[PDB]
Protein chains: 8
Amino acid sequence: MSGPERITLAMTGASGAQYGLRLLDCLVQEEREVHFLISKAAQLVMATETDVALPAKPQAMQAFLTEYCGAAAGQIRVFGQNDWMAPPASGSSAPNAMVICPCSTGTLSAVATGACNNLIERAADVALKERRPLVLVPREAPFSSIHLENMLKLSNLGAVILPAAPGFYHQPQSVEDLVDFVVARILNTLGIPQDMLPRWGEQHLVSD
Amino acid sequence: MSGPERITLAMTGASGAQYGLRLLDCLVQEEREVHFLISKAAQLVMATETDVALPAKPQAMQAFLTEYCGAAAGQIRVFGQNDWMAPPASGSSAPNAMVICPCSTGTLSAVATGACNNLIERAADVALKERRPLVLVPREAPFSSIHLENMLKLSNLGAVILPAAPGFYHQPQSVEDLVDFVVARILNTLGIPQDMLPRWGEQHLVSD
Amino acid sequence: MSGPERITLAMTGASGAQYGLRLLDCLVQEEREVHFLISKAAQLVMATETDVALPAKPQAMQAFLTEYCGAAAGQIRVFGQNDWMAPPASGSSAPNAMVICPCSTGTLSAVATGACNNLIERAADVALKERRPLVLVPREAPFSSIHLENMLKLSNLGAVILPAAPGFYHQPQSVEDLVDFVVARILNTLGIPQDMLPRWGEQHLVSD
Amino acid sequence: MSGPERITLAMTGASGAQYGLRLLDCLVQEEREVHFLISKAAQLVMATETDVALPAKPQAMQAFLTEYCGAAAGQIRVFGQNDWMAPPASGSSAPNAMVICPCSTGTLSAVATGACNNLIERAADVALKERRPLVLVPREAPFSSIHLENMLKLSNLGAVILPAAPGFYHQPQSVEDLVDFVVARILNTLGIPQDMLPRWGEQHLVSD
Amino acid sequence: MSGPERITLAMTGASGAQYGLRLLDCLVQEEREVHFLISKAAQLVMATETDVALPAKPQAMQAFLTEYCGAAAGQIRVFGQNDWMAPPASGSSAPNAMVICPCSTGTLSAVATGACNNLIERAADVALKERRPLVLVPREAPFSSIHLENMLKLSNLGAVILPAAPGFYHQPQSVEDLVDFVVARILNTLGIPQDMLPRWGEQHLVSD
Amino acid sequence: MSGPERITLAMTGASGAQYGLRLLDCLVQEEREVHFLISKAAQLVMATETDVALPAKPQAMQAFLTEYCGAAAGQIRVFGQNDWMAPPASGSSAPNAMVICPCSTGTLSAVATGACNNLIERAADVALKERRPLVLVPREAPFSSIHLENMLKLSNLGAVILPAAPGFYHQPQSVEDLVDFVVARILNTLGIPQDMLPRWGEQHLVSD
Amino acid sequence: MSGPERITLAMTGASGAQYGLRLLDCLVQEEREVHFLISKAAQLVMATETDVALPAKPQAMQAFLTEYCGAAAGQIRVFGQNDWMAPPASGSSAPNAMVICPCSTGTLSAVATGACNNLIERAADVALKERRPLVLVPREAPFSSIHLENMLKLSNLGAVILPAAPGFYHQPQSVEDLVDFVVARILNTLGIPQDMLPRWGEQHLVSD
Amino acid sequence: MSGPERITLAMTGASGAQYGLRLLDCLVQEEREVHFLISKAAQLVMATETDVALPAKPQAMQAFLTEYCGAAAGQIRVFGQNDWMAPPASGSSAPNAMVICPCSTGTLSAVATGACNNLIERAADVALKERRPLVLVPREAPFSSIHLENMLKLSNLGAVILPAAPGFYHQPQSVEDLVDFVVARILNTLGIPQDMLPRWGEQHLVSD
Ligand SMILES: CC(C)=CCN1c2cc(C)c(C)cc2N(C[C@H](O)[C@H](O)[C@H](O)COP(=O)(O)O)c2[nH]c(=O)[nH]c(=O)c21
Ligand SMILES: CC(C)=CCN1c2cc(C)c(C)cc2N(C[C@H](O)[C@H](O)[C@H](O)COP(=O)(O)O)c2[nH]c(=O)[nH]c(=O)c21
Ligand SMILES: CC(C)=CCN1c2cc(C)c(C)cc2N(C[C@H](O)[C@H](O)[C@H](O)COP(=O)(O)O)c2[nH]c(=O)[nH]c(=O)c21
Ligand SMILES: CC(C)=CCN1c2cc(C)c(C)cc2N(C[C@H](O)[C@H](O)[C@H](O)COP(=O)(O)O)c2[nH]c(=O)[nH]c(=O)c21
Ligand SMILES: CC(C)=CCN1c2cc(C)c(C)cc2N(C[C@H](O)[C@H](O)[C@H](O)COP(=O)(O)O)c2[nH]c(=O)[nH]c(=O)c21
Ligand SMILES: CC(C)=CCN1c2cc(C)c(C)cc2N(C[C@H](O)[C@H](O)[C@H](O)COP(=O)(O)O)c2[nH]c(=O)[nH]c(=O)c21
Ligand SMILES: CC(C)=CCN1c2cc(C)c(C)cc2N(C[C@H](O)[C@H](O)[C@H](O)COP(=O)(O)O)c2[nH]c(=O)[nH]c(=O)c21
Ligand SMILES: CC(C)=CCN1c2cc(C)c(C)cc2N(C[C@H](O)[C@H](O)[C@H](O)COP(=O)(O)O)c2[nH]c(=O)[nH]c(=O)c21
Ligand code: NA
Ligand code: NA
Ligand code: NA
Ligand code: NA
Ligand code: NA
Ligand code: NA
Ligand code: NA
Ligand code: NA
């Protein structure tokens with residue numbers, strides 16, 4: 001298996017719920033175990049931007065996402081925002097890679113400062129202290145200096161700052177193609193195979 | 001007239017030629033004078049990502065863009081990359097707002113360090129020294145610390161760092177809707193009217 | 001009209017509820033639209049320091065403030081602390097100036113770090129990213145280095161740090177004169193006319 | 001009396017509830033007044049790590065701790081997390097020394113940034129601004145750079161960063177001996193007598 | 001005696017002469033020796049803001065203040081701005097606490113940079129080098145980054161930055177109540193008893 | 001084999017000789033090759049805190065530790081403090097992970113500044129330059145800003161700062177349980193299997 | 001008793017052995033307990049600059065200094081450079097103030113970086129972590145930026161940097177008067193009475 | 001001639017007038033042209049610490065110093081504190097080395113910040129901009145962080161910070177020997193011959 005067996009996927013309240021849902025689908029299809037976390041604000045983004053009717057409480061949410069993605073029983077493990085007995089809360093847990101997608105400016109802030117006010121924030125704090133992968137996918141424009149400083153500090157500490165800034169160099173034809181671009185780069189960063197975005201120049205041998 | 005009469009629009013070699021072409025169209029439709037600059041790499045992005053067959057040399061390029069956008073004679077003024085007798089090269093010029101869209105990581109770097117190696121870079125240098133508007137629209141993912149530090153320095157100095165990171169909170173249905181999101185925010189930042197992206201919450205009076 | 005048409009006025013839990021209430025009154029009298037936000041702690045400051053019996057919930061609060069200030073229907077628009085569909089939550093909103101008066105040390109902190117944990121904090125974050133006015137009115141003594149660093153960062157980024165530190169150079173005769181001093185400086189900073197605090201030296205022509 | 005008459009003892013959600021309970025016992029035995037604060041997460045640490053069945057609400061908690069420690073009526077004063085009318089919330093209060101034991105990484109963060117989101121955080125903010133003692137007892141491993149920067153900033157500002165890192169140089173024979181080591185150093189830092197940890201080398205007169 | 005026997009009280013040219021006069025009165029009433037210093041600009045503030053007719057020269061000023069405050073002969077010791085043979089000019093002097101109230105932005109600057117251009121500035125320089133108390137009471141709004149950086153540097157070095165920012169949480173009824181608030185906090189910072197501002201929450205035992 | 005084949009284990013003169021001895025035992029049991037280094041001060045810690053009678057000179061020490069741990073001939077390789085012909089002295093050596101356990105404040109300092117005054121310090125210097133694992137286990141309380149800055153610099157450069165700060169969340173019953181906690185985290189950081197500390201939450205599937 | 005009961009007096013290898021010997025004499029005369037430490041280089045300074053024939057080994061040195069100063073048995077306690085069982089090596093010791101007089105540039109460096117290579121350096125490290133007094137008396141000219149940065153860092157952390165830079169404002173008539181000036185300032189900094197250097201301006205009441 | 005032909009010698013108001021007078025004497029004896037500057041505070045130091053009755057005004061002062069030092073007519077050139085037509089005020093002047101001896105903390109500050117408030121300060125500013133020698137001889141103890149930062153900045157910019165901290169390694173027998181030590185180091189720094197302080201170790205050939 002290339003890449004991590006387990007991914008902590010946290011959705012926070014930036015625009016771009018579709019990115020997180022598509023990533024979840026792809027992780028499931030790649031037979032990975034996903035520890036899924038979602039903020040209250042992200043639930044309201046999802047309701048605003050999609051037709052997904054996500055149940056609010058963890059057990060119902062787990063059953064719903066398992067069906068939605070065609071996952072195996074136990075493959076998607078949902079934890080609530082104060083569930084400190086979940087694996088991501090401790091560095092003594094089995095190792096996971098972590099992705100926050102989308103990453104609100106507020107969660108970016110919390111991670112940069114070490115606020116640890118809920119399980120998402122603590123999970124990121126743990127990832128950093130244990131030197132386990134941490135990928136943040138912010139969606140904001142403009143970025144202020146506040147945002148930039150927070151991203152810089154985290155990138156300097158080894159987090160991957162991967163803005164939801166899709167490329168156009170494969171002539172996207174739909175919204176889904178642009179969503180898939182970002183998801184592909186997340187997967188590439190994690191070392192998980194993907195066939196949505198070709199390997200640039202792989203079959204280019206010499207310059208024209 | 002709300003907003004600037006003149007905009008220096010520079011296209012550099014990041015993905016997202018469509019953003020710059022759409023912005024040009026909208027500026028023309030808003031009856032603004034555009035001083036248009038394009039890098040060699042941006043010409044190759046445009047050829048790769050679009051069906052626009054842009055002529056290489058400034059005079060031909062000017063005639064072509066005037067036709068393409070339905071602009072008035074003289075409305076789009078194209079300057080070459082070493083044309084120091086063009087207005088954007090001096091702070092003694094009539095004031096323009098400047099947008100670099102898309103903004104490559106290399107142009108971001110040049111602007112941050114003050115390299116002034118061509119007219120785009122010098123134009124940005126001038127904007128900063130004269131405290132005239134400067135908006136950079138980078139398209140990259142991940143952002144490294146190199147990128148982030150350069151963006152931070154410029155944001156601290158009053159440039160607007162506006163990543164090509166479209167929002168989804170108006171349920172986009174096409175690639176064009178996502179392009180129009182970013183273009184709308186550029187226009188909003190410049191103070192130019194636009195009717196592509198509603199004013200959020202304008203008719204919300206009290207909380208539920 | 002000189003100055004902004006719309007002001008987001010946030011009250012947070014520092015001492016000096018009278019400053020925020022007086023500012024609200026003056027904004028109403030100047031025919032401005034006010035997007036009014038108040039924290040839970042500020043509600044307890046107001047109950048402790050004033051005889052104003054402010055209702056807790058936004059709709060009731062809106063009706064009460066409209067009566068209290070003699071505002072027009074629709075002139076004061078109250079939003080709750082999680083109301084992300086309110087204008088101040090997005091930079092795609094119509095532009096407002098923002099004042100946090102009083103500004104607790106905790107809200108100062110949140111704004112400086114980018115915490116965005118409620119609508120007040122997100123609104124400030126938006127103001128900074130969009131380069132729209134942001135005035136913070138802290139009331140604390142002593143200021144620690146924590147406070148000072150947070151104020152410095154924000155002032156460097158263009159926020160106005162306007163401490164509730166009234167002057168005595170017009171021989172104030174009451175508490176209200178000292179309240180009006182601070183409110184006058186807030187109005188001056190926003191570019192809104194006021195006749196509470198004279199223009200110093202306006203009719204001085206030469207030195208003695 | 002050597003040392004402070006009053007100690008604000010805050011327990012937050014790091015591992016090591018035993019340290020805070022032992023410190024409380026020792027402070028009581030030294031006839032000090034304790035203003036006791038505990039976070040929601042710390043209540044769940046205490047339930048997980050000890051057999052102490054602490055009641056949730058302040059009045060019940062006060063009665064329970066008074067009995068548990070053999071304190072005098074009024075000696076332990078419990079305040080809830082939003083009780084701004086408690087002494088620690090204002091610098092106009094009678095002076096107390098403050099100890100956060102254990103200190104979670106999240107509370108460390110809040111104190112470093114000035115978040116003031118509850119009474120513990122505000123109490124620490126007050127201690128710093130008034131230059132009153134503040135001792136933080138973090139329990140984490142590894143420490144990331146996030147943690148380290150926060151500790152460094154606070155130590156530079158005069159807080160004592162006292163990690164729950166017991167020494168072995170008095171040949172500890174039980175868990176309690178290691179708990180007592182840390183508690184002894186806290187007491188020493190506060191200037192409160194203790195006879196758990198000898199004064200190193202006190203009766204050494206010259207080198208061998 | 002709690003607190004310092006001797007206080008160097010310097011008045012500089014910020015608004016708020018009443019704060020310095022009230023502090024002087026309270027120090028006298030607490031039987032402290034005061035080494036009183038006043039800048040030329042502060043003399044013009046006092047004449048503008050009060051009805052106190054302070055004589056210009058030190059001997060006359062000393063006699064006048066002694067009468068005004070009901071001080072003992074020798075209790076108030078006035079030194080001129082170039083009087084290097086006064087105690088505050090040398091760290092070999094008997095120890096004093098020092099308060100600059102009000103503290104102009106210019107004196108704040110001088111202290112931060114070490115300018116030592118007159119006895120007030122040198123006295124502060126001495127306080128810092130000898131690690132003797134130094135309290136600055138600035139009165140300005142807005143604070144620029146210039147002001148903030150200067151205050152930050154000094155707070156980091158152990159000075160107390162105590163802005164003339166009175167609280168309202170004891171329902172002040174007059175200007176004098178607001179003056180007394182600030183003076184009370186100065187006295188509290190110095191460790192001198194005062195009965196103008198109650199000890200917050202002293203008789204609160206448990207949360208509601 | 002998961003984790004490194006070879007570990008350079010350096011013991012320096014902080015309290016907590018038991019941690020280093022237990023780690024050595026566990027590494028031996030996991031069939032790893034250990035390049036063992038010990039400072040003069042650490043030898044005096046070991047004699048003070050344990051009943052282990054460690055011989056002073058490398059050959060005798062090697063024979064003694066081999067017996068003590070039940071190691072294979074050649075499995076523990078002891079090098080003296082000036083033995084520059086030992087593998088850890090050069091980056092051209094076969095790769096090892098390095099652990100300094102316990103890590104004195106003086107060795108922390110030396111590593112942070114690059115002092116390279118003995119083989120332990122040079123070995124760490126090499127680890128950093130070659131980007132090979134380096135784990136420091138300090139035992140000190142309080143940590144001063146000196147200590148914190150040194151730890152911060154090293155953590156920023158990729159070293160793991162793992163304080164000897166055991167957790168209590170598995171209800172330790174002896175000193176050995178607390179020693180084993182820290183050793184388990186060291187092993188986890190190195191990627192070496194251990195069964196002393198469970199994987200937190202591994203069999204938790206959804207929130208309560 | 002004003003000032004500390006115990007002083008750790010370390011002599012290191014800067015010029016000015018007379019300062020350290022005079023300080024020792026004065027501390028003895030003030031009935032203080034002195035924990036005396038001396039570096040190898042300082043022994044060679046003392047032999048070069050004075051006629052004091054100090055024995056090399058701690059026991060002999062203790063007997064010699066006791067006689068030389070007319071101290072009580074037990075009043076001067078000499079510890080060798082590796083004597084970790086001496087009080088100054090641990091923060092669990094009874095509190096002492098510490099003076100390094102003279103302070104070589106190398107010891108200044110060691111203290112600033114936290115090197116802890118001998119008992120003097122460790123003792124200083126302990127003083128800083130425990131927030132106990134630490135006074136360094138460097139003697140060097142010029143000071144390089146290396147020296148200055150080290151002094152700055154330590155002064156920022158609360159150490160007193162007291163250069164052997166005697167004043168002339170009491171018209172010194174001998175070398176001993178200049179030695180006594182510096183010793184007097186050390187004593188003043190520690191809060192120990194001295195009658196060598198008058199209190200400047202004590203009997204000055206008003207300006208001329 | 002080794003060393004500069006012309007020296008700007010400024011005396012400012014630190015203790016140690018004897019150092020500046022002795023330096024002046026030695027410069028005269030070495031046949032150098034001296035541009036002599038003295039502050040008002042330095043005149044009061046000189047009157048306090050010496051029996052030199054220096055006239056206040058430049059012409060009288062010039063005649064007096066010429067006699068006092070046995071200088072040639074024209075050799076000592078005195079300029080007043082506002083004499084901008086003197087050579088040291090412009091970098092277009094013939095080059096001089098500059099020494100400020102003694103250097104008050106206030107003049108140190110002015111030089112570090114660039115205040116240029118009188119001819120001494122402007123002269124130093126000029127020296128720095130022209131990269132001409134600048135030696136500052138401060139006399140203060142303790143040095144605060146204010147002082148240290150100012151000295152550090154200037155040393156980093158190439159000024160020589162030469163504290164009036166005499167050495168004892170040539171067994172000084174009088175105050176004059178200690179004065180001559182500092183003066184000798186100033187002369188050495190300037191490259192002017194002196195025979196007061198031997199060249200250390202010049203006739204040492206090998207180690208003992
Ligand atoms: C159109 C509005 C109001 C903003 C665009 N977008 C967004 C869309 C929708 C539809 C909602 C509701 C909210 C957002 N926000 C704001 C955000 O959720 C909040 O600041 C919030 O406190 C974040 O908390 P968490 O970190 O999730 O715990 C948010 N935050 C952000 O960083 N980027 C975004 O794109 C947006
Ligand atoms: C798929 C590749 C090779 C990259 C995606 N994209 C891009 C697409 C295409 C199709 C081409 C050709 C080039 C890019 N680049 C690279 C970029 O043009 C260069 O670094 C270049 O030096 C920039 O110079 P200028 O600043 O314009 O003068 C570039 N640079 C950047 O910052 N962002 C991008 O999205 C991309
Ligand atoms: C006399 C006390 C307890 C303090 C004076 N004053 C104040 C008065 C009253 C009467 C109450 C109740 C609270 C305060 N506080 C504390 C403050 O509200 C809190 O830190 C709180 O978390 C702020 O949260 P928000 O930012 O509003 O969400 C507060 N905070 C602050 O920055 N400045 C103040 O003046 C005071
Ligand atoms: C075994 C786990 C999940 C961690 C070890 N330990 C701990 C034990 C237990 C059993 C629980 C439940 C929680 C922790 N935590 C996490 C911590 O409580 C939270 O981040 C929390 O948000 C802190 O909030 P507060 O600052 O108290 O308001 C925590 N935080 C920390 O800084 N150090 C710790 O030792 C641990
Ligand atoms: C209404 C005006 C002109 C300002 C309000 N106020 C003030 C009132 C009055 C009535 C006078 C005359 C002067 C002030 N100033 C300016 C200040 O005195 C000067 O900058 C001055 O150089 C200070 O020198 P010092 O530090 O005292 O030596 C001053 N400076 C300051 O920091 N805060 C103030 O409140 C004011
Ligand atoms: C109870 C005393 C004197 C201190 C507790 N402990 C300790 C215990 C014992 C019993 C001895 C003997 C020494 C220590 N030290 C001091 C330390 O060994 C020294 O600073 C030394 O120079 C370190 O050199 P190395 O880096 O090993 O080369 C030391 N240093 C440290 O960082 N942490 C400790 O816990 C302690
Ligand atoms: C005339 C010489 C060679 C220098 C003047 N003086 C001095 C005098 C004598 C006569 C000796 C022998 C040595 C010095 N030194 C150098 C110093 O001792 C060393 O750098 C040494 O390593 C210091 O180690 P420690 O910190 O004591 O462990 C030294 N160091 C210093 O900082 N200031 C001094 O004044 C002098
Ligand atoms: C015993 C006193 C009051 C101090 C010791 N000494 C000194 C002695 C005498 C006897 C006088 C009168 C003054 C000083 N001072 C203070 C100093 O002159 C002033 O700060 C002054 O503003 C300096 O201005 P300039 O830079 O010369 O323009 C001063 N300043 C300084 O940096 N170092 C000193 O040694 C002393
Ligand atoms: Na928290
Ligand atoms: Na160039
Ligand atoms: Na948040
Ligand atoms: Na808050
Ligand atoms: Na001056
Ligand atoms: Na070395
Ligand atoms: Na060492
Ligand atoms: Na000037």
# chains A, B, ... in the order shown; residues from 1 in each chain; ligands from 1

call {"tool": "residues_near_ligand", "arguments": {"ligand": "ligand 4", "cutoff": "6 Å", "atoms": "only C-alpha atoms and all ligand atoms", "output": "JSON list (two decimals) with N, CA, C and O atoms, in the first residue's frame"}}
result
[["chain", "number", "residue", "atom", "x", "y", "z"],
["A", 84, "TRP", "N", -12.46, 13.28, 23.42],
["A", 84, "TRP", "CA", -11.06, 13.10, 23.73],
["A", 84, "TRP", "C", -10.63, 11.64, 23.79],
["A", 84, "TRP", "O", -9.44, 11.34, 23.88],
["A", 85, "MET", "N", -11.57, 10.70, 23.87],
["A", 85, "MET", "CA", -11.14, 9.28, 23.82],
["A", 85, "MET", "C", -10.99, 8.74, 22.41],
["A", 85, "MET", "O", -10.70, 7.56, 22.23],
["A", 89, "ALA", "N", -6.83, 12.46, 19.36],
["A", 89, "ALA", "CA", -6.58, 13.34, 20.51],
["A", 89, "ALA", "C", -5.23, 13.11, 21.21],
["A", 89, "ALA", "O", -4.81, 13.99, 21.99],
["A", 90, "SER", "N", -4.59, 11.95, 20.97],
["A", 90, "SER", "CA", -3.34, 11.62, 21.64],
["A", 90, "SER", "C", -2.28, 11.23, 20.65],
["A", 90, "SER", "O", -2.58, 10.54, 19.67],
["A", 116, "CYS", "N", -6.15, 24.28, 20.43],
["A", 116, "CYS", "CA", -6.71, 23.00, 20.92],
["A", 116, "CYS", "C", -8.11, 23.09, 21.59],
["A", 116, "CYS", "O", -8.37, 22.36, 22.54],
["A", 117, "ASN", "N", -9.05, 23.86, 21.01],
["A", 117, "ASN", "CA", -10.36, 24.02, 21.60],
["A", 117, "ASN", "C", -11.42, 22.96, 21.30],
["A", 117, "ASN", "O", -12.46, 22.90, 21.92],
["A", 118, "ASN", "N", -11.08, 22.07, 20.39],
["A", 118, "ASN", "CA", -11.97, 20.97, 20.02],
["A", 118, "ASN", "C", -11.07, 19.88, 19.45],
["A", 118, "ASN", "O", -9.84, 20.05, 19.33],
["A", 122, "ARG", "N", -7.04, 19.96, 18.42],
["A", 122, "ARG", "CA", -6.14, 19.09, 19.17],
["A", 122, "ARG", "C", -5.49, 18.07, 18.28],
["A", 122, "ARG", "O", -4.30, 17.77, 18.41],
["D", 12, "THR", "N", -6.51, 22.42, 34.38],
["D", 12, "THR", "CA", -6.91, 22.30, 32.97],
["D", 12, "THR", "C", -6.54, 20.90, 32.49],
["D", 12, "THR", "O", -5.87, 20.13, 33.18],
["D", 13, "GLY", "N", -6.99, 20.60, 31.29],
["D", 13, "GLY", "CA", -7.09, 19.24, 30.81],
["D", 13, "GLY", "C", -5.86, 18.53, 30.30],
["D", 13, "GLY", "O", -5.97, 17.72, 29.36],
["D", 14, "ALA", "N", -4.70, 18.77, 30.89],
["D", 14, "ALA", "CA", -3.56, 17.89, 30.68],
["D", 14, "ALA", "C", -3.62, 16.70, 31.62],
["D", 14, "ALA", "O", -4.20, 16.77, 32.69],
["D", 15, "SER", "N", -2.98, 15.62, 31.25],
["D", 15, "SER", "CA", -2.77, 14.50, 32.17],
["D", 15, "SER", "C", -2.04, 14.99, 33.42],
["D", 15, "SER", "O", -1.17, 15.87, 33.32],
["D", 39, "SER", "N", -11.39, 23.39, 34.40],
["D", 39, "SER", "CA", -12.02, 23.33, 33.11],
["D", 39, "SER", "C", -12.87, 22.07, 32.92],
["D", 39, "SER", "O", -12.69, 21.07, 33.63],
["D", 41, "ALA", "N", -12.59, 20.02, 30.45],
["D", 41, "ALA", "CA", -11.72, 18.91, 30.06],
["D", 41, "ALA", "C", -10.99, 18.35, 31.26],
["D", 41, "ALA", "O", -10.79, 17.13, 31.35],
["D", 42, "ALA", "N", -10.56, 19.22, 32.16],
["D", 42, "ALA", "CA", -9.93, 18.74, 33.39],
["D", 42, "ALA", "C", -10.85, 17.85, 34.22],
["D", 42, "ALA", "O", -10.40, 16.92, 34.90],
["D", 44, "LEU", "N", -12.90, 15.80, 33.02],
["D", 44, "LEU", "CA", -12.88, 14.48, 32.40],
["D", 44, "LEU", "C", -11.52, 13.77, 32.60],
["D", 44, "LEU", "O", -11.47, 12.52, 32.69],
["D", 45, "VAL", "N", -10.43, 14.55, 32.69],
["D", 45, "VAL", "CA", -9.14, 13.96, 33.08],
["D", 45, "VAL", "C", -9.28, 13.38, 34.51],
["D", 45, "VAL", "O", -8.78, 12.25, 34.75],
["D", 48, "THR", "N", -11.03, 10.16, 34.65],
["D", 48, "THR", "CA", -10.33, 9.09, 33.91],
["D", 48, "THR", "C", -9.16, 8.56, 34.77],
["D", 48, "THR", "O", -8.88, 7.36, 34.76],
["D", 104, "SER", "N", -2.90, 22.41, 30.23],
["D", 104, "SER", "CA", -3.02, 21.84, 28.90],
["D", 104, "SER", "C", -2.27, 22.70, 27.87],
["D", 104, "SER", "O", -2.04, 23.90, 28.07],
["D", 105, "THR", "N", -1.97, 22.10, 26.72],
["D", 105, "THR", "CA", -1.38, 22.89, 25.65],
["D", 105, "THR", "C", -2.36, 23.97, 25.15],
["D", 105, "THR", "O", -1.90, 25.06, 24.75],
["D", 106, "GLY", "N", -3.66, 23.70, 25.23],
["D", 106, "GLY", "CA", -4.61, 24.69, 24.82],
["D", 106, "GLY", "C", -4.69, 25.90, 25.74],
["D", 106, "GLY", "O", -4.84, 27.03, 25.31],
["D", 107, "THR", "N", -4.58, 25.62, 27.04],
["D", 107, "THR", "CA", -4.57, 26.76, 28.01],
["D", 107, "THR", "C", -3.25, 27.50, 27.91],
["D", 107, "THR", "O", -3.22, 28.72, 27.98],
["D", 139, "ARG", "N", 2.05, 19.39, 30.86],
["D", 139, "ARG", "CA", 2.36, 17.93, 30.78],
["D", 139, "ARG", "C", 2.08, 17.54, 29.36],
["D", 139, "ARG", "O", 0.92, 17.46, 28.95],
["D", 140, "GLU", "N", 3.15, 17.40, 28.59],
["D", 140, "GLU", "CA", 3.03, 17.02, 27.19],
["D", 140, "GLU", "C", 4.39, 16.47, 26.79],
["D", 140, "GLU", "O", 5.42, 16.81, 27.33],
["F", 167, "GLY", "N", 2.81, 10.74, 31.35],
["F", 167, "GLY", "CA", 1.37, 10.86, 31.49],
["F", 167, "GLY", "C", 0.81, 9.84, 32.50],
["F", 167, "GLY", "O", 1.47, 8.86, 32.80],
["F", 169, "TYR", "N", -2.58, 8.81, 32.18],
["F", 169, "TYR", "CA", -3.87, 8.42, 31.64],
["F", 169, "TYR", "C", -4.04, 6.90, 31.45],
["F", 169, "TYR", "O", -5.12, 6.43, 31.06]]

call {"tool": "interface_residues", "arguments": {"of": "chain H", "to": "chain E", "cutoff": "8 Å", "atoms": "only C-alpha atoms", "output": "MDAnalysis selection string"}}
result
chainID H and resid 105:107 109:110 113 141:147

call {"tool": "closest_residue", "arguments": {"among": "C:171, C:189, C:29, C:8", "to": "ligand 5", "atoms": "only C-alpha atoms and all ligand atoms"}}
result
C:171

call {"tool": "select_by_dssp", "arguments": {"residues": "segment 2-195 of chain B", "states": "alpha helix (DSSP H)", "output": "ChimeraX atom specification"}}
result
/B:17-29,40-49,58-69,105-113,119-130,145-156,175-190

call {"tool": "select_by_dssp", "arguments": {"residues": "segment 39-203 of chain D", "states": "strand (DSSP E or B)", "output": "PyMOL selection string"}}
result
chain D and resi 76-78+97-103+134-138+143+160-161

call {"tool": "residues_around", "arguments": {"residues": "residue 202 of chain D", "least_positions_apart": "6", "cutoff": "12 Å", "atoms": "only C-alpha atoms", "output": "PyMOL selection string"}}
result
chain G and resi 6+33+35+74+77+85-96

call {"tool": "residues_around", "arguments": {"residues": "residue 30 of chain B", "least_positions_apart": "2", "cutoff": "12 Å", "atoms": "only C-alpha atoms", "output": "JSON, numbers by chain"}}
result
{"B": [1, 2, 3, 4, 5, 6, 7, 23, 24, 25, 26, 27, 28, 32, 33, 34, 69, 70, 71, 72, 75, 187, 191, 192, 193, 194, 195]}
